[PDB]
(Lines of atoms letter the chains of each structure in order from A and count residues from 1; the text may use other names and numbers.)
(Lines give C-alpha, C1' and ligand atoms only; values in the text may rest on other atoms or scores of the structure.)
Protein backbone atom coordinates (compact mmCIF):
# COMPACT_ATOMS: atom_id res chain seq x y z
CA UNK A 1 0.00 0.00 0.00
CA UNK A 2 1.74 3.13 1.17
CA UNK A 3 4.03 2.10 3.94
CA UNK A 4 7.55 1.75 2.46
CA UNK A 5 8.81 -1.57 3.84
CA UNK A 6 12.08 -2.02 1.92
CA UNK A 7 15.40 -0.20 1.62
CA UNK A 8 18.24 -0.73 -0.86
CA UNK A 9 20.99 -1.57 1.62
CA UNK A 10 23.17 1.18 0.22
CA UNK A 11 23.55 4.92 0.88
CA UNK A 12 23.34 7.21 -2.23
CA UNK A 13 25.98 9.99 -2.37
CA UNK A 14 23.61 12.47 -4.04
CA UNK A 15 21.92 14.94 -3.48
CA UNK A 16 23.19 15.13 0.09
CA UNK A 17 26.89 15.64 0.82
CA UNK A 18 27.77 12.31 2.53
CA UNK A 19 30.95 12.09 4.60
CA UNK A 20 32.21 8.61 5.43
CA UNK A 21 34.31 8.30 8.54
CA UNK A 22 35.96 4.98 7.60
CA UNK A 23 37.94 4.24 10.81
CA UNK A 24 37.06 7.60 12.47
CA UNK A 25 34.27 8.79 14.75
CA UNK A 26 33.08 12.39 14.63
CA UNK A 27 34.50 13.12 18.10
CA UNK A 28 37.83 11.50 17.11
CA UNK A 29 37.88 13.68 14.00
CA UNK A 30 37.00 16.73 16.14
CA UNK A 31 39.81 16.16 18.67
CA UNK A 32 42.35 15.42 15.93
CA UNK A 33 43.35 11.76 16.41
CA UNK A 34 46.36 11.48 14.01
CA UNK A 35 44.72 8.77 11.89
CA UNK A 36 41.78 11.17 11.56
CA UNK A 37 43.61 14.28 10.40
CA UNK A 38 42.36 13.94 6.81
CA UNK A 39 39.05 15.25 8.25
CA UNK A 40 40.50 18.63 9.33
CA UNK A 41 38.14 21.42 8.26
CA UNK A 42 35.73 18.98 6.55
CA UNK A 43 32.01 19.72 6.08
CA UNK A 44 29.04 17.41 5.48
CA UNK A 45 25.30 17.11 5.20
CA UNK A 46 25.41 13.67 6.74
CA UNK A 47 28.34 12.16 8.60
CA UNK A 48 28.37 8.37 8.50
CA UNK A 49 29.97 6.53 11.42
CA UNK A 50 31.07 2.89 10.98
CA UNK A 51 31.28 0.16 13.54
CA UNK A 52 34.88 -0.44 12.44
CA UNK A 53 35.94 2.97 13.73
CA UNK A 54 38.58 2.96 16.52
CA UNK A 55 40.51 5.48 18.63
CA UNK A 56 44.25 5.41 18.31
CA UNK A 57 45.34 8.29 20.51
CA UNK A 58 45.45 9.08 24.25
CA UNK A 59 42.66 7.21 26.08
CA UNK A 60 39.91 9.59 26.98
CA UNK A 61 36.29 9.93 27.92
CA UNK A 62 33.88 12.74 27.02
CA UNK A 63 31.30 13.47 29.76
CA UNK A 64 28.09 14.09 27.82
CA UNK A 65 29.72 12.55 24.75
CA UNK A 66 26.29 12.26 23.08
CA UNK A 67 25.60 16.01 23.31
CA UNK A 68 28.96 17.17 22.02
CA UNK A 69 28.56 14.65 19.19
CA UNK A 70 25.10 15.85 18.15
CA UNK A 71 25.92 19.51 18.32
CA UNK A 72 29.01 19.18 16.13
CA UNK A 73 27.09 16.82 13.86
CA UNK A 74 24.27 19.34 13.42
CA UNK A 75 26.65 22.25 12.81
CA UNK A 76 27.99 20.41 9.77
CA UNK A 77 31.61 21.55 9.87
CA UNK A 78 34.96 21.03 11.57
CA UNK A 79 36.17 24.54 10.67
CA UNK A 80 38.92 25.12 13.18
CA UNK A 81 40.53 28.52 13.65
CA UNK A 82 43.78 28.58 15.61
CA UNK A 83 43.91 31.33 18.25
CA UNK A 84 46.92 32.84 20.02
CA UNK A 85 46.73 31.53 23.58
CA UNK A 86 49.64 32.59 25.76
CA UNK A 87 50.69 29.85 28.18
CA UNK A 88 53.32 31.64 30.22
CA UNK A 89 55.57 29.52 32.46
CA UNK A 90 54.70 26.05 31.10
CA UNK A 91 55.97 23.61 28.50
CA UNK A 92 53.54 23.30 25.58
CA UNK A 93 52.93 20.61 22.91
CA UNK A 94 53.16 17.50 25.07
CA UNK A 95 52.94 14.19 23.25
CA UNK A 96 52.69 10.48 23.92
CA UNK A 97 53.77 7.46 21.91
CA UNK A 98 50.42 5.90 22.49
CA UNK A 99 49.43 8.52 19.80
CA UNK A 100 52.23 8.67 17.18
CA UNK A 101 52.03 11.19 14.34
CA UNK A 102 54.54 9.39 12.16
CA UNK A 103 57.88 8.53 13.79
CA UNK A 104 57.87 10.63 16.98
CA UNK A 105 55.33 11.18 19.75
CA UNK A 106 52.09 12.97 19.15
CA UNK A 107 48.84 14.20 20.60
CA UNK A 108 45.44 15.35 19.38
CA UNK A 109 46.06 18.11 16.81
CA UNK A 110 43.41 20.44 18.27
CA UNK A 111 44.67 20.17 21.92
CA UNK A 112 47.81 21.47 23.70
CA UNK A 113 49.22 19.36 26.53
CA UNK A 114 50.87 21.59 29.14
CA UNK A 115 53.48 20.41 31.67
CA UNK A 116 55.96 22.08 33.99
CA UNK A 117 58.87 24.08 32.63
CA UNK A 118 61.83 23.85 34.94
CA UNK A 119 60.30 22.55 38.17
CA UNK A 120 57.47 25.07 38.52
CA UNK A 121 53.98 25.11 37.01
CA UNK A 122 52.29 28.48 37.60
CA UNK A 123 48.63 29.35 38.00
CA UNK A 124 47.64 30.03 34.41
CA UNK A 125 45.10 32.86 33.98
CA UNK A 126 44.22 33.28 30.30
CA UNK A 127 41.46 35.20 28.51
CA UNK A 128 40.09 34.94 24.96
CA UNK A 129 37.43 37.46 23.87
CA UNK A 130 34.89 36.63 21.13
CA UNK A 131 34.59 39.76 18.99
CA UNK A 132 33.04 37.92 16.05
CA UNK A 133 29.38 37.64 15.06
CA UNK A 134 29.15 33.83 15.54
CA UNK A 135 29.35 31.16 18.19
CA UNK A 136 32.77 29.80 19.11
CA UNK A 137 33.05 26.21 20.33
CA UNK A 138 36.05 25.46 22.57
CA UNK A 139 37.24 21.90 23.25
CA UNK A 140 39.58 21.33 26.18
CA UNK A 141 40.52 18.66 28.67
CA UNK A 142 41.99 17.60 31.99
CA UNK A 143 44.59 14.86 32.56
CA UNK A 144 43.94 12.11 35.12
CA UNK A 145 47.34 10.67 36.15
CA UNK A 146 47.70 7.09 37.39
CA UNK A 147 49.69 7.80 40.56
CA UNK A 148 50.59 10.65 42.87
CA UNK A 149 54.17 10.41 41.61
CA UNK A 150 53.11 10.97 37.98
CA UNK A 151 50.89 13.88 39.09
CA UNK A 152 53.81 15.58 40.84
CA UNK A 153 56.36 14.88 38.06
CA UNK A 154 54.25 16.49 35.33
CA UNK A 155 52.56 19.38 37.15
CA UNK A 156 54.43 19.91 40.48
CA UNK A 157 51.19 20.43 42.49
CA UNK A 158 50.02 17.23 44.27
CA UNK A 159 46.48 18.02 43.12
CA UNK A 160 45.57 20.03 40.02
CA UNK A 161 42.39 21.75 38.95
CA UNK A 162 40.90 23.29 35.77
CA UNK A 163 38.35 26.08 35.68
CA UNK A 164 36.83 27.40 32.44
CA UNK A 165 34.28 30.23 32.66
CA UNK A 166 32.04 32.36 30.59
CA UNK A 167 29.30 34.53 31.91
CA UNK A 168 26.89 31.84 30.78
CA UNK A 169 28.81 28.74 31.96
CA UNK A 170 31.22 27.47 34.67
CA UNK A 171 33.26 24.24 34.49
CA UNK A 172 35.62 23.39 37.37
CA UNK A 173 37.26 19.98 37.25
CA UNK A 174 39.66 18.29 39.66
CA UNK A 175 41.66 15.28 38.37
CA UNK A 176 40.82 11.81 39.68
CA UNK A 177 44.19 10.15 40.32
CA UNK A 178 44.06 6.38 40.03
CA UNK A 179 44.93 3.30 37.96
CA UNK A 180 42.75 2.43 34.95
CA UNK A 181 42.92 -0.70 32.77
CA UNK A 182 45.68 -0.70 30.16
CA UNK A 183 44.38 0.99 27.02
CA UNK A 184 46.86 1.19 24.17
CA UNK A 185 49.46 0.85 26.90
CA UNK A 186 48.34 3.63 29.24
CA UNK A 187 46.92 3.53 32.78
CA UNK A 188 46.13 7.26 32.70
CA UNK A 189 43.21 9.08 31.10
CA UNK A 190 42.10 12.40 29.70
CA UNK A 191 38.58 13.79 30.16
CA UNK A 192 37.24 16.09 27.45
CA UNK A 193 34.92 19.07 28.03
CA UNK A 194 33.57 21.81 25.77
CA UNK A 195 32.51 25.41 26.05
CA UNK A 196 30.43 27.64 23.75
CA UNK A 197 31.27 31.38 23.78
CA UNK A 198 28.59 33.66 22.35
CA UNK A 199 29.60 36.93 20.64
CA UNK A 200 30.65 39.58 23.12
CA UNK A 201 31.47 36.94 25.75
CA UNK A 202 34.94 36.00 26.90
CA UNK A 203 36.51 32.60 27.66
CA UNK A 204 38.34 32.44 31.00
CA UNK A 205 40.71 29.55 31.85
CA UNK A 206 42.42 29.12 35.23
CA UNK A 207 44.54 26.06 36.08
CA UNK A 208 47.29 25.10 38.53
CA UNK A 209 47.83 21.69 36.94
CA UNK A 210 46.61 19.03 34.51
CA UNK A 211 45.17 21.48 31.94
CA UNK A 212 44.87 20.07 28.41
CA UNK A 213 44.66 23.37 26.54
CA UNK A 214 42.63 24.41 23.49
CA UNK A 215 44.36 25.82 20.40
CA UNK A 216 41.48 27.83 19.00
CA UNK A 217 37.80 27.35 18.33
CA UNK A 218 35.45 25.55 15.95
CA UNK A 219 33.14 27.87 13.99
CA UNK A 220 29.58 27.07 15.10
CA UNK A 221 26.89 27.15 12.44
CA UNK A 222 23.19 26.36 12.54
CA UNK A 223 22.50 23.60 10.01
CA UNK A 224 20.28 20.77 8.88
CA UNK A 225 23.38 18.53 9.02
CA UNK A 226 23.35 15.34 11.11
CA UNK A 227 25.13 12.03 11.74
CA UNK A 228 24.20 8.37 11.47
CA UNK A 229 25.58 5.01 12.52
CA UNK A 230 25.44 2.63 9.55
CA UNK A 231 27.58 0.03 7.81
CA UNK A 232 25.82 0.36 4.45
CA UNK A 233 28.30 1.01 1.61
CA UNK A 234 28.02 4.32 -0.22
CA UNK A 235 27.00 4.13 -3.89
CA UNK A 236 26.89 6.82 -6.52
CA UNK A 237 23.15 7.05 -7.13
CA UNK A 238 20.35 9.47 -6.19
CA UNK A 239 18.14 9.41 -3.11
CA UNK A 240 16.59 12.21 -1.09
CA UNK A 241 15.85 9.95 1.93
CA UNK A 242 18.52 8.00 3.87
CA UNK A 243 18.17 5.50 6.78
CA UNK A 244 20.88 3.42 8.55
CA UNK A 245 19.53 0.53 6.49
CA UNK A 246 20.21 2.45 3.27
CA UNK A 247 18.23 4.71 0.97
CA UNK A 248 14.44 4.48 0.64
CA UNK A 249 11.85 5.75 -1.86
CA UNK A 250 9.91 8.69 -0.44
CA UNK A 251 6.74 8.60 -2.57
CA UNK A 252 4.78 6.42 -0.12
CA UNK A 253 3.52 8.45 2.88
CA UNK A 254 4.97 6.09 5.51
CA UNK A 255 7.88 3.76 6.13
CA UNK A 256 8.50 0.71 8.32
CA UNK A 257 12.26 0.75 7.87
CA UNK A 258 13.91 2.83 10.58
CA UNK A 259 12.99 5.56 13.04
CA UNK A 260 16.29 7.32 12.20
CA UNK A 261 16.12 9.13 8.86
CA UNK A 262 17.78 11.98 7.05
CA UNK A 263 16.30 14.06 4.23
CA UNK A 264 12.70 14.47 3.14
CA UNK A 265 11.29 11.23 4.41
CA UNK A 266 7.98 9.43 4.92
CA UNK A 267 6.87 9.08 8.51
CA UNK A 268 7.77 6.15 10.72
CA UNK A 269 4.59 4.23 11.59
CA UNK A 270 5.25 1.42 14.12
CA UNK A 271 3.95 -1.24 11.62
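Positions refer to the first chain, counted from 1.
Asker: Check the entry's C-alpha temperature factors for 251-259 and 21-29, then say which stretch has the higher mean.
Answerer: Higher mean C-alpha B-factor: 251-259.
Asker: With respect to the recorded C-alpha B factors, which stretch has the higher mean value, 241-249 or 59-67?
Answerer: It is 241-249.
Asker: Pick out which of 177, 73, 126, 192 has the highest C-alpha B-factor in the PDB entry.
Answerer: Highest C-alpha B-factor among the listed residues goes to 126.
Asker: Comparing recorded Cα B-factors across 188, 172, 105, 109, which one is largest?
Answerer: Answer for 188, 172, 105, 109: 105, with the highest C-alpha B-factor.
Asker: What third of its chain's C-alpha B-factors does residue 130 belong to: lowest, middle or highest?
Answerer: Tercile = highest for this residue's CA B-factor.
Asker: Would you check the entry's CA temperature factor for residue 136 and let me know if it's in the chain's lowest, middle or highest third?
Answerer: For residue 136, the deposited C-alpha B-factor lands in the middle third.
Asker: Should residue 122 be placed in the lowest, middle or highest third of its chain by the C-alpha B factor in the entry?
Answerer: As the PDB entry reports it, the C-alpha B-factor of residue 122 lands in the highest third of its chain.
Asker: Taking the chain's C-alpha temperature factors as the reference, tell me which third residue 202 falls into: lowest, middle or highest.
Answerer: Ranked within chain, residue 202 CA B lands in the highest tercile.
Asker: Residue 223's Cα B-factor: lowest, middle or highest third of the chain?
Answerer: Its C-alpha B-factor, which the entry lists for residue 223, ranks in the highest third among residues of this chain.
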